[PDB]
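# Chain and residue survey
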Amino acid sequence: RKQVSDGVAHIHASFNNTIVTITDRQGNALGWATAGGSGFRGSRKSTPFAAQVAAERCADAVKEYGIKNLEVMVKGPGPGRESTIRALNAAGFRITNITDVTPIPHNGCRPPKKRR
Amino acid sequence: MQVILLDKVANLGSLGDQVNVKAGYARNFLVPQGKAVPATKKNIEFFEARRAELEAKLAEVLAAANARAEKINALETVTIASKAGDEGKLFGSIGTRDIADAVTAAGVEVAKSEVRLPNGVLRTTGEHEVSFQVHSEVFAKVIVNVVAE
Amino acid sequence: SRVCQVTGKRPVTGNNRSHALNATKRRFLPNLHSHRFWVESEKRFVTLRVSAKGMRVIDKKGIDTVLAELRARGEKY
Amino acid sequence: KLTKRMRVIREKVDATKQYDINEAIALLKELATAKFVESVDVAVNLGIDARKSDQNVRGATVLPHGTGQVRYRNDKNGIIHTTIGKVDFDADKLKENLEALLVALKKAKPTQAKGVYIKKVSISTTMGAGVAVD
RNA sequence: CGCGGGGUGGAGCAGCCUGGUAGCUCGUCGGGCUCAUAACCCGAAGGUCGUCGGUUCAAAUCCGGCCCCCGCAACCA
RNA sequence: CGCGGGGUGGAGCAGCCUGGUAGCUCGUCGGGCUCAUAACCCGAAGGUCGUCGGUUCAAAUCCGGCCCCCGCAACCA
RNA sequence: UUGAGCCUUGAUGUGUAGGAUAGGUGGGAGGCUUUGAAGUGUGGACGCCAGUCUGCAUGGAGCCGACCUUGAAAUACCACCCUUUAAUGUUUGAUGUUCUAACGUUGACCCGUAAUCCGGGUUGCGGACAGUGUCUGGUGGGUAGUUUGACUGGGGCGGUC
RNA sequence: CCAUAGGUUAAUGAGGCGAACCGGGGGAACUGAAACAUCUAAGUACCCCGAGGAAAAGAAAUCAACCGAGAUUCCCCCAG
Ligand SMILES: [Mg+2]
Ligand SMILES: [Mg+2]
Ligand SMILES: [Mg+2]
Ligand SMILES: [Mg+2]
Ligand SMILES: [Mg+2]
Ligand SMILES: [Mg+2]
Ligand SMILES: [Mg+2]
Ligand SMILES: [Mg+2]
Ligand SMILES: [Mg+2]
Ligand SMILES: [Mg+2]
Ligand SMILES: [Mg+2]
């Protein structure tokens, strides 16, 4: 369990699923819980509620670590992004600061042409 | 093996111990360096009475000469300035060969085998510590200042 | 040749009996290895071409004792 | 865990040693330090399979000095236990008792018992230190 | 001449080795959906198992003759 | 020829190894579903442990066989 | 560092009857406590989070066995041990890094020597790898030794033995 | 550095040939088995090395049998 004092709660909110990984301050992962691994498979996987219950099941699994306060790094458009931070607060954490790490190129690689 | 020692081996021995060591360790290291001699019936007798009384301690005061070897140089500093480049960056990198020549003509008459370089091969212009090995257990800490000539 | 200096071993021959007992001539070679020894007498290195058994012989006997045997056998060492 | 009594019980006796038959019988006076007169139960680990009904060692032997004939049968795991009388019976009396039992077990050898029979025979009193015999 | 396989509802194919009870898809027939057809959904029917005989309690099957089809073979001078 | 094992609703797998107290995933209904079909989602239905003896308070389990599926190494009548 | 066997020692083990996160067995009913007590502060270990385990110490010398509910009695005391597990000792094994002396060097320089061979000597780089011997599994037409039936209205094909 | 390696000179011996025999180092195949692979052919042919007048072996860590014989070599039996 190692008993880490504080950590960072990353939020990967893509269009179809939100993986919420709680790592320490040094990036090393301590636990995770996806919106598709907590039931809600398919159409309901892309909902802000599934994103909520994703972050809920991630609050535990890290109780063994005892992270009191944590920073949050959101990433992606997704359906979550704002419903997942509310549950991550309701779990009993002290939100140090909320940062947005959405990766945006300065017109780098060519995006797909898809979806007609 | 069963090789009886002649010195102060850093892990098992203490001058006069009948330690069992691997055959390769004794044959290639202990034998040719005089750190030990094969424990065969007759050879044991030459050590236990002749050497263990007198010759053993004679090598111990040689280790006292190693204590003398720690301060053969007075100031304990050797400054070498050879051709280099700009912003430090030495032209031709110096080595343990020349440091053996540097301190001998300027203090400690040391050989190349007792010369060390704990930090690279000294390409930089500045402060360096050539930690001499006056003895396996007790060393020297002569500070070498390499200046860009 | 592969003849050891000390033991005087040489490559003997022999059959290679398979599971069907088919005899086939093979050749047993000695475990030669060029090792360099330290003679306390001359205070130098004498390079012999000895087998692995011949090193355990030099281990028991003296190093110079073996060379005394090789000198008696007219070998260059 | 341990205190005043329980530790001295183990300090007197050499734990890492199996004593001779005429040795253990005398040394037991050092251990039985209760108000009453204790007794010594005998621990004999039979080299038979308790997971095999064909090898069950079961019988009764007469104690020469009493407690006094005793009854015995092993566990579902391999060792059998029974007493050989009071601790205050003289040392050579227990000597008479112990030896009588060992014969009694070999007197009841199983046919399918494959392996060393006794391997370790120990006795101890009420408040006794673990003492194995030779 | 020989070797080996096949023949089963209107079509194409399982079942045969290891006998008693034959199934899948399409098509057909009837109903529904639609303004009408196709598609789609629901229900049902439909087979002398090439042909004759024999073995057996019982033969599509196991065995034999004949007819049709398919592949292989039909060679050395 | 042993040495290892593994056998559980229809069925693939648990749980056994370390004694009492059988879960799991598809194959079927009721639905909810929606103008609808699709898909989804909800609750139900089904092995007392392949079979027989011993020990034991209590055997799916531990110990003996039987029928196997195997995993091979063997395999010089 | 990290597996495995073992030693010492310390924990571990809530169908259900239940004051018990009790396994079988078992000798015997006093240990226990002032070689500084019950109760507790508070934290850790353990955890099916039901309840154990426990350091120091304010406190201050008590605490408790058959009794009664169990298929079993009270780790109060002790012995032999089983599943589960902790520290240490020891024992070999498999990895990772470093070291230098074995070994390699178809790197440099010197001498033998006017000689790109070779040997020795300094020195640099590798390094217990590489390579070689014995044993060993796999692969192996690269190579070698061979087998591949008879009857038959000629042999083959088919069929038969 | 010494010292070794190496270099120069002298002395003694060796080198090659030879018919078989002899000891040692390597070592086939056709053939027989009515095929063939274990096996046989055969440790033969042949190649190599070394020596002598002979060579080899040889004075028991041998056999025997609880009685004894006493190195090796060769021949007849033992016995196909
Ligand atoms: Mg595309
Ligand atoms: Mg229509
Ligand atoms: Mg071929
Ligand atoms: Mg042939
Ligand atoms: Mg013919
Ligand atoms: Mg000649
Ligand atoms: Mg033939
Ligand atoms: Mg002559
Ligand atoms: Mg002679
Ligand atoms: Mg002779
Ligand atoms: Mg006699």
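Residues numbered from 1 in each chain as written, not as in the entry; some residues may be left out. Chains lettered and ligands numbered in written order. Part of a larger assembly, values for the part shown. Heavy atoms only, no water.

The record names cryo-EM as the way this model was obtained, at a resolution of 3.2 Å.

## Brief notes about the overall build of chain B
Counting secondary structure elements, chain B contains four helices and five strands. The secondary structure elements of chain B, listed N-terminal to C-terminal, are β-α-β-α-α-β-α-β-β. Oriented by its inertia axes, the alpha-carbon framework of chain B measures out at about 65 × 30 × 20 Å. For chain B, with 149 residues in total, the buried portion stands at 26%. A fraction of 42% describes how many contacts in chain B between residues 6 or more apart in sequence connect residues 24 or more apart. Working note: accessible area of chain B is about 9,900 Å², and carbon and sulfur atoms make up 51% of it. Of the charged side chains in chain B, 18 are positive and 19 negative, and the gap between their average positions amounts to 8 Å. (Helix = DSSP H or I, 4+ residues; strand = E, 2+ residues; numbered from the N terminus. Buried < 20%, exposed > 50% of the residue type's maximum accessible area, 1.4 Å probe, protein only. Contact = heavy atoms within 4.5 Å. Areas by Shrake-Rupley, 256 points an atom, 1.4 Å probe, with all protein chains shown as cover. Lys, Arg positive; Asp, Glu negative; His and termini not counted. Charge placed at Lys NZ, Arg CZ, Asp CG, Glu CD.)

## Re a nonpolar patch on the surface
The grouping of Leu54(B), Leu58(B), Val61(B) and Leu62(B) at the surface amounts to a nonpolar patch, some 390 Å² of accessible area in total. Assignment of secondary structure puts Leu62(B) in helix α2 (residues 41-62). (Patch = residues over 30% accessible without salt bridge, like charges linked within 9 Å, V, L, I, M, F, W, Y side chains within 5 Å. Salt bridge = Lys/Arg side-chain N within 4 Å of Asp/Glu carboxyl O.)

## Overview of the interface of chain C and chain B
Facing six residues of chain C, the contacting portion of chain B comprises six residues. The largest share of the area that chain C buries against chain B comes from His35(C), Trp38(C) and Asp59(C), three residues that together contribute 68% of it. Where chain C touches chain B, the interface holds zero salt bridges. Summed over the shared surface of chain C and chain B, the number is one residue pair in polar contact. For the side of chain C that touches chain B, the secondary-structure elements that each account for two or more residues are β3 (32-39) and α1 (53-60) of chain C. Residues that form the side of chain C that touches chain B fall into these classes: three nonpolar, one polar and two charged. (Buried area = accessible area lost by both parts, 1.4 Å probe. Polar contact = N/O pair within 3.5 Å; in protein donor to acceptor, adjacent residues only side chain to side chain. Nonpolar A, V, L, I, M, F, W, Y, C, P; charged D, E, K, R; others polar.)

## Some thoughts on the side chain of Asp24(A)
All names here are of chain A. Within the secondary structure layout, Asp24 lies in strand β2 (residues 18-24). From its side chain, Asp24 meets the backbone nitrogen of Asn28 in a polar contact 2.6 Å long. Aside from chain neighbours lying at most four places away, what touches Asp24 is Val4, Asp6, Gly7, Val8 and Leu30.

## As for the pattern of salt bridges
Pairing of side chains with opposite charge becomes possible as their charged atoms draw close. All names here are of chain A. Enumeration over the complete set of coordinates arrives at 11 salt bridges over all chains. A salt bridge links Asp6 to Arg25; its shortest N-O distance comes to 3.7 Å. With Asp6 in the segment before β1 (7-13) and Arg25 in the loop between β2 and β3 (29-34), the pair connects residues that are 19 residues apart, well separated along the chain.

## Quick look at the protein's contact with RNA strand G
Residues in close proximity to RNA strand G total 43 residues, the closest being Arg97(B), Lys35(D), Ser124(D), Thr126(D) and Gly128(D). A share of 81% of the atoms of RNA strand G within 4 Å of the protein falls on sugar and phosphate groups. Take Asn31(C): an N or O atom from its side chain is 3.5 Å from a base nitrogen of RNA strand G. The side chain of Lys120(D) places a nitrogen or oxygen atom 3.3 Å from a phosphate oxygen of RNA strand G. Of all the elements in the fold, those that place two or more residues in the surface near RNA strand G are α1 (23-30) of chain B, β2 (25-28) and β3 of chain C together with α1 (4-12), β1 (39-45), β4 (79-86) and β5 (121-124) of chain D. Its residues placed into classes, the surface near RNA strand G shows 13 nonpolar, 17 polar and 13 charged. (Near = heavy atom within 4 Å.)

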